[PDB]
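Accompanying notes for the structure given below.
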Amino acid sequence: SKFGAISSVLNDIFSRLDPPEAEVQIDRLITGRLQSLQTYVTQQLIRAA
Amino acid sequence: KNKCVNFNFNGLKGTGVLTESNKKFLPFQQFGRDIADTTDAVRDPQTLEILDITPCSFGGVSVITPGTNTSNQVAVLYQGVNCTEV
Amino acid sequence: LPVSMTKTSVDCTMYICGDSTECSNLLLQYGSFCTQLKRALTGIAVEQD
Amino acid sequence: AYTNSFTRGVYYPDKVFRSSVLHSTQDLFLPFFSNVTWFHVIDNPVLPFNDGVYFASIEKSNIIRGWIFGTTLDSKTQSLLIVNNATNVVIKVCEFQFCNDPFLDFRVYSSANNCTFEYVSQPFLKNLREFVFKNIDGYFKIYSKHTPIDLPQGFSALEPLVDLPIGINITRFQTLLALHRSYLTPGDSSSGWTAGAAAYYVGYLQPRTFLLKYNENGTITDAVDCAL
Amino acid sequence: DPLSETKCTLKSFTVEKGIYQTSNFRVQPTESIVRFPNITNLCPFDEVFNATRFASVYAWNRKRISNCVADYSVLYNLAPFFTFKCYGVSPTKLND
Amino acid sequence: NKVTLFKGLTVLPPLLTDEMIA
Ligand SMILES: *[C@@H]1O[C@H](CO)[C@@H](O)[C@H](O)[C@H]1NC(C)=O
Ligand SMILES: *[C@@H]1O[C@H](CO)[C@@H](O)[C@H](O)[C@H]1NC(C)=O
Ligand SMILES: *[C@@H]1O[C@H](CO)[C@@H](O)[C@H](O)[C@H]1NC(C)=O
Ligand SMILES: *[C@@H]1O[C@H](CO)[C@@H](O)[C@H](O)[C@H]1NC(C)=O
Ligand SMILES: *[C@@H]1O[C@H](CO)[C@@H](O)[C@H](O)[C@H]1NC(C)=O
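Residue numbers (the deposited numbering), protein chains in the order written: chain A, 971 to 1019; chain B, 538 to 623; chain C, 730 to 778; chain D, 27 to 68, 80 to 142, 157 to 176, 187 to 210, 218 to 296; chain E, 297 to 392; chain F, 827 to 831, 858 to 874.
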């Protein structure tokens, strides 16, 4: 999932986008992926209970 | 091949171990997001061969100690890693 | 009656950056999320045992 | 005449290898069980090109041998020509005024014009020949499939055949016929000339979401039309 | 050493008996390889820019470039540039 | 027999194996 970014591949963004413009896209991906992992952990905790 | 190598295939940056592929790539195929939405294989721009892209071994390292109060000796466990590579 | 579930472990760095040298440094700015997730999953695994 | 397309008209949408997986793709596809116009070769009408055309033919003597695309008979419309030959297929965006009826391979029915793109490739050659044409993004994509054999129920996927960088504007298209020892003129009556028996079908693509099943050998083996 | 890593993870100079997940292990690449096409002829962008004449806005000119090496550094030789903005790609990264 | 069943995700084995539970 792109999470609103230009692409879901980090290498692509770091290749054709400058650091000033690549940083925002990387942050957009990172927040979404961290949120997904946290949701997974919360569901795992509930199912473990 | 068979060595964990950093590669750049026509701008396709990545790191992994390249090995002979058994995929039945048709002539119009250039790369394969074969299984589980992963770029399993890529076509060689020069030899036109298909190479499987595998991410070279990783794993979590766990440390076993009897306690600093007892001894400083330590044992280390490499989770999910075959001993031939540590 | 189920008694236990699978013991899952996740490498947050690899999952978020997919083993890319660039954003691995950037992910450090987000703090101790990785430690939280690892501790929660380890607790779940020990609970299964 | 009208007939339904059954499950035909599916093609590889991405040119990316996938095996032993179910993949969902949203692209221009021919909806399942759609009514497709049915014609008999024994001139065949010019038909609209709304958002992509699915073309199929069935014959045993190679009567249909080309296609033409454009917006009007005027040479200034940047028309498209695809014609088969004894040894090769010729593709040209040659913006030439076309006769009132297709020629009968009488081997040509186009006038002189100044033109920009030309290409010769290996020929695209009881029969069941399937074609798909798309031009929405500055390209003209062709997918094809040949199998021995109304349209049969057998499921099959059309592989990508060629990709023309042409950026012409298309709204209507017509097919080309063949006839032995046939006279030709810029205009002719409906009687035409004697020719072999052949049939072909035309379908229109629509934006649809499909679930494609990829087998072990990277071949699409079945599909589902979500909105059907 | 592993004991120091465990101490840092626990944030204590004394470690109790047990098994601790401290860090992760990954094999680093042994070498770097670049694979690209074997073509050698440069693109005609330089000739296009320095053409004897240019088309008008009405009935403008279109050309498609293929099968050539696009060394964009040639374009930098022209001084009196008024616009060089690019969308989707940073100009410095075009070479790669 | 009746019940049946990277990108950074792995499964750790249980301490007690099926033989010991048996
Ligand atoms: C050069 O590249 C072309 C295009 O991929 C390929 O067909 C050919 O085999 C290559 N030749 C050599 C010597 O690498
Ligand atoms: C610490 O070590 C001493 C000496 O061996 C022992 O008597 C004591 O029980 C140990 N305590 C703990 C908590 O390990
Ligand atoms: C470890 O690798 C060696 C060499 O490939 C193999 O012979 C052995 O069976 C492997 N062991 C495990 C537990 O995977
Ligand atoms: C071909 O070019 C000539 C000379 O410019 C022009 O008179 C003629 O109309 C052109 N024909 C077409 C079909 O564009
Ligand atoms: C894949 O190809 C192999 C080799 O030709 C064949 O044995 C097998 O039946 C094929 N599988 C499918 C699903 O077509």
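C-beta atoms are modelled at their ideal positions from N, C-alpha and C, and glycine is treated no differently.
State buried or exposed for D/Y282, treating a residue as buried only when at least 16 other CB atoms are found within 10 Å of its CB. Within the fourth sequence, numbered from 1, the residue matching residue 282 of chain D stands at position 214. Buried.
Using 7 Å as the cut-off, classify the Cβ of D/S112 as near or not near the heavy atoms of ligand 4, replying yes or no. Indexing the fourth sequence from 1 puts residue 112 of chain D at position 75. Yes, Cβ of D/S112 sits closer than 7 Å to a heavy atom of ligand 4.
For the alpha helix (DSSP H) that D/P209 lies in, which residues bound it at each end? Here the question's residue 209 of chain D lines up with position 148 in the fourth sequence. Note, D/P209: premise wrong, no alpha helix (DSSP H); beta strand (DSSP E) at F201 to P209.
At least one CB of chain A closer than 8 Å to the CB of C/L766: is that the case? As a working mapping, residue 766 of chain C is identified with position 37 in the third sequence. For C/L766, the answer is yes, since a Cβ of chain A falls inside 8 Å of its Cβ.
Name, please, each residue of chain A whose Cβ falls closer than 8 Å to the Cβ of C/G747. For the purposes of this step, residue 747 of chain C is taken as residue 18 along the third sequence, with counting starting at 1. Within chain A, the residues near C/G747 are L980.
Output, in chain order, the set of chain A residues within a Cβ distance shorter than 9 Å of C/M734. For the purposes of this step, residue 734 of chain C is identified with residue 5 of the third sequence, where counting begins at 1. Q1014, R1017 and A1018, listed in chain order.
Is there a Cβ of chain D sitting closer than 8 Å to that of B/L563, yes or no? For the purposes of this step, residue 563 of chain B is taken as residue 26 along the second sequence, with counting starting at 1. Closer than 8 Å to some Cβ of chain D, the Cβ of B/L563 qualifies, so yes.
Determine the direct distance from the alpha carbon of E/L306 to that of B/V611, and round the result to whole angstroms. On the second sequence, position 74 is the one that residue 611 of chain B refers to. On the fifth sequence, position 10 is the one that residue 306 of chain E refers to. Answer to the nearest angstrom: the Cα atoms are 15 Å apart.
Would D/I101 and D/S94 qualify as a contact pair, given that the criterion is a beta-carbon distance under 8 Å? Mapped onto the fourth sequence, residue 101 of chain D falls at position 64. Mapped onto the fourth sequence, residue 94 of chain D falls at position 57. Less than 8 Å divides the Cβ of D/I101 from the Cβ of D/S94.
Kindly confirm or deny that the segment 552–561 of chain B and the segment 377–392 of chain E touch, where touching means at least three C-beta pairs closer than 8 Å. no
Which residues, in order along the segment 606–622 of chain B, keep a beta-carbon less than 8 Å from a beta-carbon of chain F? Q616 and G617
Can you name the residues of chain F whose CB is closer than 9 Å to the CB of C/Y759? As a working mapping, residue 759 of chain C is identified with position 30 in the third sequence. Near C/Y759 there are no residues of chain F at all, since even the closest Cβ is about 16 Å away, more than 9 Å.
Output the distance between the C-alpha atoms of B/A578 and B/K560, rounded to the nearest integer angstrom. Looking up residue 578 of chain B in the second sequence gives position 41. Looking up residue 560 of chain B in the second sequence gives position 23. Each residue's alpha carbon lies about 8 Å from the other.
Given that E/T310 touches chain B, what residues does it touch there, using C-beta distances under 9 Å? Taking the first residue of the fifth sequence as position 1, residue 310 of chain E is located at position 14. Going along chain B in sequence order, the residues near E/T310 (Cβ under 9 Å) are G604, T605 and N606.
Against chain F, with Cβ distances strictly below 8 Å, would C/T750 count as a contact? Taking the third sequence and counting its residues from 1, one reaches residue 750 of chain C at position 21. C/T750 does not count as touching chain F.
Using the DSSP secondary-structure output, state which residues sit across from D/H66 in a beta bridge. Mapped onto the fourth sequence, residue 66 of chain D falls at position 40. Bridge partners of D/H66: D/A267.
To the nearest angstrom, how far is the alpha carbon of F/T862 from that of E/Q317? For the purposes of this step, residue 862 of chain F is taken as residue 10 along the sixth sequence, with counting starting at 1. For the purposes of this step, residue 317 of chain E is taken as residue 21 along the fifth sequence, with counting starting at 1. The straight-line gap from Cα to Cα measures roughly 14 Å.
Cα separation between F/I873 and E/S319? Here residue 873 of chain F is taken as the residue at index 21 of the sixth sequence, counted from 1. Here residue 319 of chain E is taken as the residue at index 23 of the fifth sequence, counted from 1. Near 32 Å, if we compare the C-alpha coordinates of E/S319 and F/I873.
Going by the DSSP bridge assignment, what does D/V230 pair with across the sheet? In the fourth sequence, residue 230 of chain D corresponds to position 162, counting from 1. Per DSSP, D/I203.
Secondary structure at D/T253, three-state DSSP: helix, strand or coil? Locating residue 253 of chain D in the fourth sequence gives position 185, where the first residue counts as 1. D/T253 falls in the coil class under three-state DSSP.
C/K736 burial status per 10 Å Cβ neighbour count (16 or more: buried): Here residue 736 of chain C refers to the residue found at position 7 of the third sequence. Only buried fits C/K736, as 16 or more other CB atoms lie within 10 angstroms of its CB.
Skipping 5 residues on each side, what residues in its chain have a beta carbon closer than 8 Å to that of B/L614? For the purposes of this step, residue 614 of chain B is taken as residue 77 along the second sequence, with counting starting at 1. Here the set comprises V598, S599, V600 and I601.
Indicate, with yes or no, if ligand 2 has a heavy atom lying under 7 Å from the CB of B/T602. As a working mapping, residue 602 of chain B is identified with position 65 in the second sequence. Checking every heavy atom of ligand 2 against the Cβ of B/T602, none is found closer than 7 Å.
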